[PDB]
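Here is the structure we will look at.
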Amino acid sequence: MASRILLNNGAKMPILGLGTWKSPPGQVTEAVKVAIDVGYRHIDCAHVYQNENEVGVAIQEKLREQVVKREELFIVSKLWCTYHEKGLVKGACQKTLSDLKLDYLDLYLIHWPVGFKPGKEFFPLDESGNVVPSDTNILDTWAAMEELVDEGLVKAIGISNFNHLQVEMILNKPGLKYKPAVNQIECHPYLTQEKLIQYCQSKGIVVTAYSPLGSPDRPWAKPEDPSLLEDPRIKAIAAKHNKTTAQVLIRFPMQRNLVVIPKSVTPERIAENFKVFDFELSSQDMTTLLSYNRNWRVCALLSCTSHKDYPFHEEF
Ligand SMILES: NC(=O)c1ccc[n+]([C@@H]2O[C@H](COP(=O)([O-])OP(=O)(O)OC[C@H]3O[C@@H](n4cnc5c(N)ncnc54)[C@H](OP(=O)(O)O)[C@@H]3O)[C@@H](O)[C@H]2O)c1
Ligand SMILES: O=C(O)COc1cc(Cl)ccc1C(=O)NCc1cccc([N+](=O)[O-])c1
Numbered sequence: 000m001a002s003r004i005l006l007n008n009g010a011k012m013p014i015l016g017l018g019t020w021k022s023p024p025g026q027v028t029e030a031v032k033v034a035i036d037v038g039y040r041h042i043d044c045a046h047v048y049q050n051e052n053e054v055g056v057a058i059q060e061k062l063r064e065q066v067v068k069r070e071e072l073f074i075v076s077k078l079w080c081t082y083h084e085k086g087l088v089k090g091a092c093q094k095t096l097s098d099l100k101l102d103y104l105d106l107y108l109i110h111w112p113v114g115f116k117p118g119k120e121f122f123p124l125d126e127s128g129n130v131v132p133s134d135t136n137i138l139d140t141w142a143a144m145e146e147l148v149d150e151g152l153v154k155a156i157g158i159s160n161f162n163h164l165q166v167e168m169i170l171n172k173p174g175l176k177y178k179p180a181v182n183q184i185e186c187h188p189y190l191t192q193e194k195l196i197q198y199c200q201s202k203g204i205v206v207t208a209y210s211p212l213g214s215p216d217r218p219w220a221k222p223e224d225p226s227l228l229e230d231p232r233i234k235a236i237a238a239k240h241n242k243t244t245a246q247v248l249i250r251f252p253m254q255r256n257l258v259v260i261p262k263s264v265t266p267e268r269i270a271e272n273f274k275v276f277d278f279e280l281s282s283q284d285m286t287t288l289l290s291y292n293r294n295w296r297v298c299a300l301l302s303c304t305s306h307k308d309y310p311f312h313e314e315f
């Protein structure tokens, strides 16, 4: 299948990208260099991941080496929750641009719909462990994102972890100038997201699937927790196709017209994860994988459950 999807800003986005959350700063430069050498042209980044400088070293070296042209890369980053205020958005973007060694981003996302009190801490808490909110709403934050397009800092803007009512809130924003191009959400066979994906696709918003392997390195993993990579049912589909379980989990979202961003710092896995354009899952395989949905979420924080804009109280 085609390697890129057309966005509603007229630009093409590679459907496979490299994730970078948890990639250690002393490993991620090599990881990104390896990824570009073996064909990745999309890197998913964020200021909160604390490794954009090191990601940037890799990107710059491959540009300098003329392995790739800047126009051929699709670099994504995200506005952290403590920068939702109007007056902080441009500087947050510029800090990311500086760390990544870029003069524009292809896509910049509102990372989470929830805004937090600005300051040095990424998760400001009160004395009982609740996050301290920002009174800035998603529509004013969106207007600030729109300004970044008009200043040439970003080619496209989008959202991440927005539920359908929140997406609808931006789509219905008075004076909306740019529609979100992308909603990046968690999506895998245990959280299949049929309702939110159809909503977004029906609006011409491209959906990016994060944690496609179930984030086995997430820091809050429990023993109890389901494991996609070890699910014998998925292992059997992989065996049938002479592919790895990871490769099935990556191809699955691709065939739903999603973008997918598996993370690895292991060079052999980075290469393996890209070798997903030479096989097809059957319609039966797809429906079978969809059937494993358990509404199981890697990413959701108890500290944020009372924030006005917490996204996961809603069904979708
Ligand atoms: N927008 C958001 O709020 C949000 C939230 C979560 C994630 N994301 C983005 O989505 C990315 C992907 O999600 P994720 O990092 O949570 O988890 P993931 O991609 O589902 O899983 C990454 C884990 O899988 C292992 N792995 C990778 N390829 C493998 C393979 N072929 N075989 C066996 N194990 C393999 C990795 O190990 P090694 O690295 O040790 O190889 C790592 O432990 C993130 O890195 C981030 O860029 C965005
Ligand atoms: O968010 C990501 O991309 C991945 O997860 C990260 C990454 C880092 Cl570096 C730090 C913390 C997290 C995390 O707890 N994310 C979950 C989260 C955050 C904010 C709000 C919520 N929420 O539920 O409103 C949830």
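Residues in the sequence shown are numbered consecutively from 0, following the entry's author numbering. C-beta atoms are modelled at their ideal positions from N, C-alpha and C, and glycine is treated no differently.
{"query": "Sort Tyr309, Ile58, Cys44 by Cα distance to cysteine 92 and report the nearest one.", "result": "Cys44"}
{"query": "Per the DSSP calculation, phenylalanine 73 is bridged to which residue(s)?", "result": "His41"}
{"query": "Can you find at least 3 beta carbon pairs, one from the segment 296-308 and one from the segment 270-279, that sit closer than 8 Å?", "result": "no"}
{"query": "Return the residue from the list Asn241, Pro261, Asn256, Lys239 that minimises the CA-CA distance to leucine 248.", "result": "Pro261"}
{"query": "Does DSSP put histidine 312 in a helix, in a strand, or in coil?", "result": "coil"}
{"query": "Is it the case that the Cβ atoms of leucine 147 and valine 88 are separated by a distance below 9 Å?", "result": "yes"}
{"query": "Of all the options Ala238, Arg3, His46, which has the alpha carbon lying nearest to the alpha carbon of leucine 72?", "result": "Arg3"}
{"query": "Hey, residue 320 and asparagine 272: beta-carbon distance below 9 Å or not?", "result": "Outside the shown range of the chain (0 to 315) lies residue 320, about which nothing can therefore be said."}
{"query": "Count Cβ pairs between the segment 164-184 and the segment 197-207 that sit closer than 8 Å; are there 3 or more?", "result": "yes"}
{"query": "If I follow the unbroken alpha helix (DSSP H) through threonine 95, where does it start and stop?", "result": "85-99"}
{"query": "If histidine 41 and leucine 78 are in contact, beta carbons under 8 Å, what's the gap, nearest whole angstrom?", "result": "The Cβ separation is near 19 Å, so there is no contact."}
{"query": "If you follow the alpha helix (DSSP H) that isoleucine 184 is in, where does it begin and where does it stop?", "result": "Premise fails: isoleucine 184 lies in the beta strand (DSSP E), 181-185, not in any alpha helix (DSSP H)."}
{"query": "Determine the extent of the beta strand (DSSP E) in which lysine 11 is found, giving its start and end residues.", "result": "11-13"}
{"query": "Could you have a look at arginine 232 and say whether DSSP puts it in helix, strand or coil?", "result": "helix"}
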